[PDB]
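Protein sequences, first through last, are from chains A, A', D and D'. A prime marks a further copy of an entry chain. Residue numbers for the first sequence follow the entry's author numbering, so the first one is 6 and each next one is one higher. Residue numbers for the second sequence follow the entry's author numbering, so the first one is 6 and each next one is one higher. Residue numbers for the third sequence follow the entry's author numbering, so the first one is 1 and each next one is one higher. Residue numbers for the fourth sequence follow the entry's author numbering, so the first one is 1 and each next one is one higher.
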Amino acid sequence: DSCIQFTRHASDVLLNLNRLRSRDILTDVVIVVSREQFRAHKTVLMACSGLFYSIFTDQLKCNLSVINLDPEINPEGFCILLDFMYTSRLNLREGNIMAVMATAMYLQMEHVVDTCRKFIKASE
Amino acid sequence: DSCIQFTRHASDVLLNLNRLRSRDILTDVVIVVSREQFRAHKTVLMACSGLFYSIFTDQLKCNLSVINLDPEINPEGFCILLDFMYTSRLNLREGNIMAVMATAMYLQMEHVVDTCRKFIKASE
Amino acid sequence: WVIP
Amino acid sequence: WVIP
Ligand SMILES: O=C1Cc2cc(Nc3ncncc3Cl)ccc2N1
Ligand SMILES: O=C1Cc2cc(Nc3ncncc3Cl)ccc2N1
Ligand SMILES: [Cl-]
Ligand SMILES: [Cl-]
């Protein structure tokens, strides 16, 4: 087509989605991790994660307001990834890289799994 | 902080939100324009428009599944702007610029209003 | 704004 | 990935 494009549009949208999350506006699901609860927007979770995409496209699960993750999932690893989903920023540290990579593999967040693999390989 | 950032994350999220819109997945509102109906996600509309932000933060309106726009709003102008919201791409043409600017002013989409004003000024 |  |  002959469209023009606003360079900062996608970033501004994500920033506003994160402001709605902060203020708990229009959040429609609770993600339960080892008895730690995280409120989010189903559409943002689906846009970021192959696991959430599969869950919320399921005819029965699409209607659930609570999703319980596998007990092996670490709440801090989940929190870091949820923050990444809403900001593009990943708080990757020596002390959390293993939990973050394991959580990203479970959530099916391929780009996160990729940078974790590379950061681990650099330290060996 | 000491975060790393994935450059394409915001764009990939918006692309996935637009794929959900295309497939009518988890859309939660119908926007009615001069008897033309547009399905969308309330959170994306709020992230893009000052008008939708005000509407869906209202304690009564946040629960509506149908929103009727002012009858002076042109459905094509709305369609072009809804496409912009989900893609960052604006189909701005000599034949639609007046309707697009009027719709962007009503929807409170300041960056769109800005480029319309500049494109109009260049033609005078 | 840019030409994409 | 970048340093923001
Ligand atoms: O690594 C990843 C990130 C990711 C996101 C999604 N999301 C969607 N895919 C296609 N159409 C719509 C949506 Cl919402 C699916 C798989 C994966 N895998
Ligand atoms: O031009 C514009 C675009 C736009 C978007 C919004 N959205 C939000 N603002 C702040 N926190 C959350 C959200 Cl969702 C408000 C005003 C305007 N004005
Ligand atoms: Cl990812
Ligand atoms: Cl705008």
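We put the CB at the ideal spot given by N, CA and C, even for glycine.
Check: Chain A' within 9 Å of residue 63/A, Cβ atoms only; Outcome: no
Check: Cα-Cα separation, residue 96/A to residue 60/A'; Outcome: 34 Å
Check: Chain A' residues whose Cβ lies nearer than 7 Å to that of residue 94/A; Outcome: 8, 10
Check: Heavy atom of ligand 4 within 8 Å of residue 115/A' beta-carbon; Outcome: yes
Check: Backbone CA spacing between residue 104/A' and residue 21/A [nearest angstrom]; Outcome: 26 Å
Check: Span separating the alpha-carbon of residue 6/A from that of residue 71/A; Outcome: 42 Å
Check: CB of residue 39/A within 9 Å of CB of residue 90/A, strictly; Outcome: no
Check: Residue 112/A versus residue 35/A': straight-line alpha-carbon distance, rounded; Outcome: 31 Å
Check: Where residue 147/A' falls, given that 16 or more other Cβ within 10 Å makes a residue buried; Outcome: This structure cannot settle anything about residue 147/A', because the visible part of chain A' is limited to 6 through 129.
Check: Contacts that residue 52/A' makes with chain A (C-beta to C-beta distance below 7 Å); Outcome: 18, 21, 22
Check: Close Cβ partners of residue 124/A' (< 7 Å) along its chain, the five nearest in sequence each way excluded; Outcome: 97, 102
Check: Nearest-angstrom Cα separation, counted from residue 73/A' out to residue 63/A'; Outcome: 15 Å
Check: Whole-number beta carbon distance between residue 47/A' and residue 29/A', since they are thought to touch under 8 Å; Outcome: With 8 Å as the limit, residue 29/A' and residue 47/A' do not qualify as a contact, their Cβ atoms being about 14 Å apart.
Check: DSSP-derived helix/strand/coil call for residue 41/A'; Outcome: strand
Check: Where residue 45/A falls, given that 16 or more other Cβ within 10 Å makes a residue buried; Outcome: buried
Check: Beta-carbon neighbours of residue 126/A', restricted to chain A and to distances below 8 Å; Outcome: The premise fails here: residue 126/A' is roughly 15 Å from chain A at the closest Cβ pair, so nothing lies under 8 Å.
Check: Cβ-based neighbour list, residue 109/A', same chain, cut-off 7 Å, excluding 5 preceding and 5 following; Outcome: 86, 117, 118, 121
Check: Residue-chain proximity (residue 67/A', chain A), Cβ-Cβ < 9 Å; Outcome: yes
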